[PDB]
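Here the structure comes first, spelled out in structure tokens, and everything after it is commentary.
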Amino acid sequence: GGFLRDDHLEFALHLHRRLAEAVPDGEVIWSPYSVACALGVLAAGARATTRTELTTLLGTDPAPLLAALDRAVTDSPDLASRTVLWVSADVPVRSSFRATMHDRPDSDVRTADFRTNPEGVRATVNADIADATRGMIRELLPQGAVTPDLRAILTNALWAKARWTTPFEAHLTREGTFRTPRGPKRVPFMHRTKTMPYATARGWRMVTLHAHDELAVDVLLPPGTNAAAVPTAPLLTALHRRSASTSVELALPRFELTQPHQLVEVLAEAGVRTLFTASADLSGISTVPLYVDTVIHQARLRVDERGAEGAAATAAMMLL
Amino acid sequence: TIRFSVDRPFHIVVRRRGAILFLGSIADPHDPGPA
């Protein structure tokens, strides 16, 4: 079997494929956990078609998913999650939705004065996200992202610092050639030879780096016959199932990537559409009708000799 | 015994307890410097 919750894996690689096909270099970095948490929480407050579209994309109703996601980010000092609902005093939040918010790790419901202090709100939200991401995401919301007409913002932030159980030796990192879509480039490659999980399937190859506190990092190489191929859920599951102890001479580049995203367009292509229109049914959130205008998402990941440290945040901006 | 040289576009999955914390497709490695 796979090491990932099935519906979550399907959801992740579904969106990942669309994201990868939309960029010219196939380069993408995001947090399925963060986006799924935000979408799941919204689904918990959504009705009729608005809810069915979300449950179809997620492949499940929110309850079991959110419970699983919560467990995935608790019990360790190596990671932390925070979910907050920033809302106008003009919007009364239903007790049941408040309950959904409070069930999330380090959660909160806060008042925001969008109407007369939009920049104050942007500053407050960005500072909260910055704190939650250990300073890795200092400006989730770009200038002008918070307008006077907004009435609520749902945010989720994630920080995780995986520590390799067997770190790469610093003196062994040396320059090598990496074939990028923009040509060959000399970059630093970390080297380590050790027994670790290895798997091959349909031309794909994968190894798994072991880390502390239940964290693991799979690294996949597509077939040389299609260096631009993107993995599918059935493929990764097969790799997990075939993964076996193997002495591997690993050469992995040290790298860091940060990417900001506006997800409404891709989410709509993925099936979620009503949520982004005035026809949205979020009556589970408030008696005051709200809908999602934009969905902001930023992710950052650094991989070096000591481990993998990443941060991500998602913001669903709502209007009346 | 097996050589695994990540010298071209690859994919990375950071996971814990069934959830994908970070999912990436890396094509042009930017060096953050030694740990």
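The analysis underlying the following values was restricted to heavy atoms, covering all of them including side chains, and did not include hydrogens, waters or symmetry mates. In the text below, chain A, chain B and the rest are named by the order of the sequence lines, each starting its count at 1.
- For A:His240 and A:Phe3, the gap between ring centers is short of 6.0 Å.
- Using a 30° and 60° split on the angle between ring planes, A:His261 and A:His297 fall in the tilted class, from 30° to 60°.
- Taking the six-membered ring where the residue is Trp, A:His191 and A:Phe189 present tilted rings, their angle falling between 30° and 60°.
- Between the CZ atom of B:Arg16 and the CG atom of A:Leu4 there is a distance of 13.5 Å, given to the nearest 0.5 Å.
- Each of A:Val87, A:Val91, A:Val146 was checked for a side-chain contact (heavy atoms from CB on, under 4.5 Å) with A:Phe114, and the lone residue meeting it is A:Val146.
- Under a cut-off of 6.0 angstrom, the local environment of CG in A:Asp108 is crowded, with over 12 non-hydrogen atoms contributed by other residues, nucleotides or ligands.
- For A:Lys194, the NZ atom is loosely surrounded, since the number of other residues' heavy atoms within 6.0 Å does not exceed 12.
- Other residues, nucleotides and ligands place more than 12 heavy atoms under 6.0 Å from the NE2 atom of A:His212.
- Residue pairs satisfying the salt bridge (charged side-chain N to carboxylate O under 4.0 Å, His left out) criterion with at least one member in residues 305-320 of chain A, sequence neighbours excluded, are listed as follows: A:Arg254-A:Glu305, A:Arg302-A:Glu309.
- None of A:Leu141, A:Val292, A:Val295, A:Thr147 except one satisfies the side-chain contact (heavy atoms from CB on, under 4.5 Å) rule with A:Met317; the exception is A:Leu141.
- Environment of CZ in A:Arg18: crowded, with over 12 heavy atoms of neighbouring residues, nucleotides or ligands closer than 6.0 Å.
- A salt bridge links A:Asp218 with B:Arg15: the closest approach of a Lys/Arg side-chain nitrogen to an acidic carboxylate oxygen falls below 4.0 angstrom.
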Practice prompt. List the steps and the verdict of side chain to side chain contact (heavy atoms under 4.5 Å, CB included) for A:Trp204 and A:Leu220.
Written response: CA-CA 7 Å; A:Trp204 286 75; A:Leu220 295 70; 4.2 Å; yes
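- Think of A:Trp159 as one node in a network of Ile, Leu, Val, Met, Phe, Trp and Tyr side chains linked at under 4.5 Å; its network also takes in A:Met136.
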